[PDB]
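Read the single chain below, which is given as structure tokens and is the form deposited in one PDB entry.
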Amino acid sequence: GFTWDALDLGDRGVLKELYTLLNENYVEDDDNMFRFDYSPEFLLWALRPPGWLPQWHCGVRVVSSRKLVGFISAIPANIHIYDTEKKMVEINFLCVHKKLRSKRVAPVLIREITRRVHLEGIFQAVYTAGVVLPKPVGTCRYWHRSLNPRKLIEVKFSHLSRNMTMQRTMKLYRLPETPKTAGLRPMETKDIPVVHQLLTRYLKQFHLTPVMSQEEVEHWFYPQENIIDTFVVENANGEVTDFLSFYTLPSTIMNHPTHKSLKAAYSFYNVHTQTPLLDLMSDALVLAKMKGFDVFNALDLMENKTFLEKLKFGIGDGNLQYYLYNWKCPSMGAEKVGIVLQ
């Protein structure tokens, strides 16, 4: 029969077949043809934060042996909803093999990690999903800004309006070869606590935010070449600053001429002191582009809805929604959502 359990993370041989799963499984595509291709390392950046536990990377193999067919993460967090900071967890990566003809899988594959967590007291859960669910807390929507238009037009991810030449479109979505912000410089190792304290007071204005430690803001922020970026803005002789961050997350491709995948550039967080971030967000586009990216995808967060539309952002394939498992409380607009849980 089946009432299985497992584990997965760290080891090369394992981890690989693991992303193999999500590679051609964890989909959220539509008419077109493409799902989130997951990087070997990236996973570790997300699946291994400070305080993670082995029994939360559940696995599932076919009655046989050499057959992984299911997964689900659950990285430890410390949400902030009501007038309180409830230590909760962020559940993610819930997949099920493709050809699997069993609907009595996830319904157990789900309640399993629920028990596994309810053992450390973390009875509260946090996550988002490319689907609908009864009691939602939020409902954001993705945007863009082609850093390689002729490509999207070439494939089928994006297209030119009515009579828009495959040339003017470019001119429009053009970009300078050098930032228009003086001080923009990659975050050093010693810039960690400066990104912790600077982000804890800032983020400290949203109804739902991920409180982090000097080590956490040290994990989802310190630069890594093919995972996540973060350029701080040091001042003159001092240190005072603001900064931007965008975790790479390329999506697999499909039927195309001879084009490569799709180097994605989703946005993580962005904290400008007082100075308007309408440029802190633009530079990002100049970075993601100068770094060889095809698009900068930014969701909602208060101050996002601002610079968004007043900048080359529009198309919205769909919309991501936020939820809370065992907590009851009122809802808010995108302007209040802080947690950028992938």
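Note that residue numbering follows the sequence shown and begins at 1.
Separately, the form solved in complex with a partner chain exists; it is not shown, and the next lines address it.
Asker: Looking at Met302, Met290, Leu311, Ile315, which is the one with a non-hydrogen atom within 4.5 Å of the partner chain in the bound PDB entry?
Answerer: After the contact test, the surviving option is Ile315.
Asker: Which listed residue (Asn92, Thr209, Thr241, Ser245) meets the criterion of a heavy atom within 4.5 Å of the partner chain in the bound PDB entry?
Answerer: If I apply the 4.5 Å criterion carefully, the residue I get is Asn92.
Asker: Determine which one of 103-111, 121-129, 229-237, 175-183 lies within 4.5 Å of the partner chain in the bound PDB entry, judging by heavy atom distances; exactly one does.
Answerer: Single hit among the candidates: 121-129.
Asker: Would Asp29 count as a contact of the partner chain in the bound PDB entry, using a 4.5 angstroms cut-off between non-hydrogen atoms?
Answerer: Heavy-atom contact with the partner chain at 4.5 Å: present for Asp29.
Asker: So in the bound PDB entry, does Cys329 come within 4.5 Å of the partner chain, heavy atom to heavy atom?
Answerer: Contact check for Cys329: no, nothing within 4.5 Å of the partner chain in the bound PDB entry.
Asker: State yes or no: in the bound PDB entry, is some non-hydrogen atom of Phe36 no more than 4.5 angstroms from a non-hydrogen atom of the partner chain?
Answerer: So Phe36 counts as contacting the partner chain.
Asker: Indicate whether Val14 is a 4.5 Å heavy atom neighbour of the partner chain in the bound PDB entry.
Answerer: Looking in the bound PDB entry, residue contacts with the partner chain do not include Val14, since no heavy atom lies within 4.5 Å.
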